[PDB]
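The chain that follows stands alone, in the form deposited without guanosine-5'-diphosphate (GDP), written as structure tokens.
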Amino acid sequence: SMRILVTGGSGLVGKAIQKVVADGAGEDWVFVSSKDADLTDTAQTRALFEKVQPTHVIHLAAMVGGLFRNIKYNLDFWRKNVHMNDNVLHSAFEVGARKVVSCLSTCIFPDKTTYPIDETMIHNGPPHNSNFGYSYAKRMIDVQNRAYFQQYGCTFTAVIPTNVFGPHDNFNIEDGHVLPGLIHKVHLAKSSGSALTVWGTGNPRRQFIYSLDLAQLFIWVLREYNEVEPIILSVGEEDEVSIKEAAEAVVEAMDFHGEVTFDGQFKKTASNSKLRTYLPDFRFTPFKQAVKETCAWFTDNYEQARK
């Protein structure tokens, strides 16, 4: 008998976890996504934890977005995220939560670094200075986790997904998630003429993880896995696709037949061999099928979707 509290249950990763149907199955699952509780307010946050009395917490909530927009607000990404993370982790502690699993991103790793990055390298140099406020707030999560563990022996971890995509993503072209950016562009291009890309070489490579797959692995991390050192959740370091190959998959999936044309990292390779030490028999949804499914979702949910 456990009650799982999911912060940011209404975003890309949260909506994916809300299935779970099929079925998660045991567990009382509580999804929150708010207001309902502004995790930036300590009063509202402790109140939220006092009401529901989580035994387990999956922490997805974060101040994100604008993040890939060129005008930066590094004080805001820093202050807002640090408050939320402290509020959430420490409220969890105070009501006696047994486990908290938070979420970091690969873009917070040292800008320098040799590839592939692994879970031990997160603090080994300063992040890229673009979004340093966001990057250091996320890094501090690992720092909080290790502190809780040192002083009270609590088990609080984090997962490190690569680039997540899927239904309920941010499809707003301006704020720059590249995959859902592509889906939206192709959709605009069909009902007009010519069109593409999201501009650039198309050469840069990313590891993409389908939100539905991430949801599976996240429920496993919650149920099992008790390191405090984070775990990279991602497809193999040889299953990256270039942006060009991502556009080719979207164009294929949406049956777009117009012109493409082109004119960032250029790679952030992450190893998933810790994951492979635990789950060697787990298989990711093929990229092309995952793209095709999130394309179909976009077209059948155009009115409801984020931009």
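Quick note: we count residues from 1 along the sequence shown, nothing fancier. Here, rigid core means the biggest group of C-alpha atoms that superpose within 1.5 Å across both forms.
Not on display, but discussed next: the form solved in complex with guanosine-5'-diphosphate (GDP).
Placing guanosine-5'-diphosphate (GDP) onto this chain after superposition of the site C-alphas, with its pose taken in the bound PDB entry, gives at least three ligand atoms within 2.4 angstroms of backbone or C-beta atoms; the site is classed as blocked. The partner is absent here, but in the bound PDB entry a heavy atom of 178, alone among 235, 178, 101, 215, sits within 4.5 Å of guanosine-5'-diphosphate (GDP).
Proximity to guanosine-5'-diphosphate (GDP) in the bound PDB entry, taken as a non-hydrogen atom within 4.5 angstroms, holds for one residue of 89, 231, 107, 82, which is 107. Only one of 92 to 100, 221 to 229, 146 to 154, 168 to 176 lies within 4.5 Å of guanosine-5'-diphosphate (GDP) in the bound PDB entry by heavy atoms, and it is 168 to 176. Within this chain, residue 198 lines the site of guanosine-5'-diphosphate (GDP) in the bound PDB entry, having a heavy atom no more than 4.5 Å away. Contact annotation for residue 256: none of its heavy atoms lies within 4.5 Å of guanosine-5'-diphosphate (GDP) in the bound PDB entry. Using a 4.5 Å cutoff between non-hydrogen atoms, residue 278 does not count as a contact of guanosine-5'-diphosphate (GDP) in the bound PDB entry. With a 4.5 Å cutoff on heavy atoms, residue 67 counts as touching guanosine-5'-diphosphate (GDP) in the bound PDB entry.
For the candidate spot formed by 117, 139 and 272, no residue has a non-hydrogen atom within 4.5 angstroms of guanosine-5'-diphosphate (GDP) in the bound PDB entry. Comparing the two forms between this form and the one not shown on the rigid core, the single residue of 90, 146, 72, 187 with a CA shift of 2 Å or greater is 72. In a rigid-core overlay of the protein, residue 296 has its C-alpha displaced by under 2 Å between this form and the one not shown.
With a change of no less than 3 Å, the CA-CA distance between residue 66 and residue 180 is smaller in the bound PDB entry than in the form shown. Between this form and the other one, the CA-CA gap for residue 88 and residue 67 widens by 3 Å or more, being larger in the bound PDB entry.
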